[PDB]
Structure formats: structure tokens, C-alpha cells
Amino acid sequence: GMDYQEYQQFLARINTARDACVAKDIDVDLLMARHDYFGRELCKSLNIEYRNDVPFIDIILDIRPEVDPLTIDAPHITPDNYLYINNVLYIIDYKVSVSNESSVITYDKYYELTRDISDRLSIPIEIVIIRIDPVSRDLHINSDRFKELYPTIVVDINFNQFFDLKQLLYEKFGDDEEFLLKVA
């Protein structure tokens, strides 16, 4: 599961919170930690270095190190990770969601903004959204090309600890109207 030091920090934050807005920050942080926890376990399965929100220009400079960083027309996107293999750039983003809604938003955006730099570099750029459903624990990957690259991708984890911390948060703030309708 998640780190013991990380778990206790959430538990301390929940026990000291008295205010809805602080409680919603803990809620958004639980989602971020849950996402990052998935990323690290996924990256282990894919045998790639764990990364998060890496600037696209740093990706171009890694795969094509002769490119002038001062004068390259690159998109201003920060994908979770990438894999450059057989002159194909796979742009990876981690998702933890019961819905594909957030996947379609990220795909449509990353696809549209990588067409030009793909033409410029003469490198095909494949957008790979890797989503785990946190209930079913099923792994859904859009990219056929990415799935043909790898053996069947298995990320055998659960989010029971995240569910538990969220449950404690709602024990304490479940009757706070300001918390229940808090966005942050």
C-alpha cells in the first residue's frame, strides 16, 4: 500500500483539522497521493523510471539531444511520464477514476497539441492514458500500439488505505455543509 510515514501524516492532518477548507485540501491530497501511488506501481510494471508532470521540452531534449532548447516549437504540456522506443514517443498519463471522462479530456488535449512537434521531429507521438478503476481495480489502456509493445500489463494494488482515510475524514466532516459542497 502507501508509505507508513505518508499514512500517519494524513491521519495527523485529519485529527487536527477543524475547518471544512482544510478538510477539502486533505480530500484533494488523498486523490493526488492515490494517483502518485498508482504511477509508482505502474512504472515498476512497465520498467520505466518513475516521473510526474515532466515538461515536454525536457522529453524532446532527452529523445533528441541535438535540438536547440532556445528555439524549438514544443507544446506547454506536462505529462506524468513517457517511453521513447524504436523511434516512437509514447506520452503516458496516469488516471485513477471509475469514469473515462477525465481520460478523454487529457487525450483530446495531448493528441491535438503533439501533432505539430510530431510532424517537425518526424517521430510518431502516441497518447497513452493508463487508467485504473479504483473500485474494480481493472486496468484500461486506450493505446492498442502501447499494449502490443508490452506483455499483458498487471498493476496488482488496491486503494483500501485511501478509502479508509477518506472514511475517517467523512466521520469528522460528514455533517459540515461547507465541506460537502467544498470544491477548493
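Residue positions are given as counts along the sequence shown, with the first one as 1.
Participant: Within this chain's modelled residues, let me know which third the CA B factor of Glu66 belongs to: lowest, middle or highest.
Facilitator: It falls in the top third of the chain.
Participant: Comparing against every modelled residue in the chain, figure out the third that the C-alpha B-factor of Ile77 lands in (lowest, middle or highest).
Facilitator: Ranked within chain, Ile77 CA B lands in the highest tercile.
Participant: Can you work out whether the C-alpha temperature factor of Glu148 puts it in the lowest, middle or highest third of the chain?
Facilitator: Its C-alpha B-factor belongs to the middle third of this chain's values.
Participant: What third of its chain, lowest, middle or highest, does the C-alpha temperature factor of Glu101 fall into?
Facilitator: According to the entry, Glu101 has a C-alpha B-factor in the chain's highest third.
Participant: Ranking the modelled residues of this chain by C-alpha B-factor as given in the entry, is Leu46 in the lowest, middle or highest third?
Facilitator: Middle third of the chain for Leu46's C-alpha B-factor.
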